[PDB]
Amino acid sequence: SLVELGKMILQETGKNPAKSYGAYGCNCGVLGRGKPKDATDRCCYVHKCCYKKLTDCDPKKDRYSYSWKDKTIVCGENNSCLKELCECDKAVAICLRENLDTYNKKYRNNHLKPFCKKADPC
């Protein structure tokens, strides 16, 4: 669940998950999928693609366990679907940190419905 999502993102990026990626671009906090606007927006994209393929456990709500060992997110050994869920969450936090270079507050908007195009399909 997002409670674990937030813990991941703060641990990887150092940034506050809600404050930073709350409403960023066309993926990023928000609900649904669009043509990315930058690479951080692109991370969040892959993540929803990732969530989609999971169709057994409620990715957006159901919980799991990970460990912060030796500065790393190692997924616990949950069930087939919960493990990929953990995995998807790890990827995005990893992905987001790697892209802090290009992060730009710009893509939050002022904070109003942006111009989002239909996403490329997963």
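Start at 1 and count along the sequence shown; that's the residue number.
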*Which has higher Cα B-factors on average according to the PDB entry: 70-78 or 32-40?*
70-78
*Out of 92-100 and 60-68, which stretch has the higher average CA B-factor listed in the record?*
60-68
*Would you mind checking where the Cα B-factor of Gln11 ranks among the modelled residues of its chain, as the lowest, middle or highest third?*
lowest
*Check where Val46 lands among this chain's C-alpha B-factors and tell me if it's the lowest, middle or highest third.*
lowest
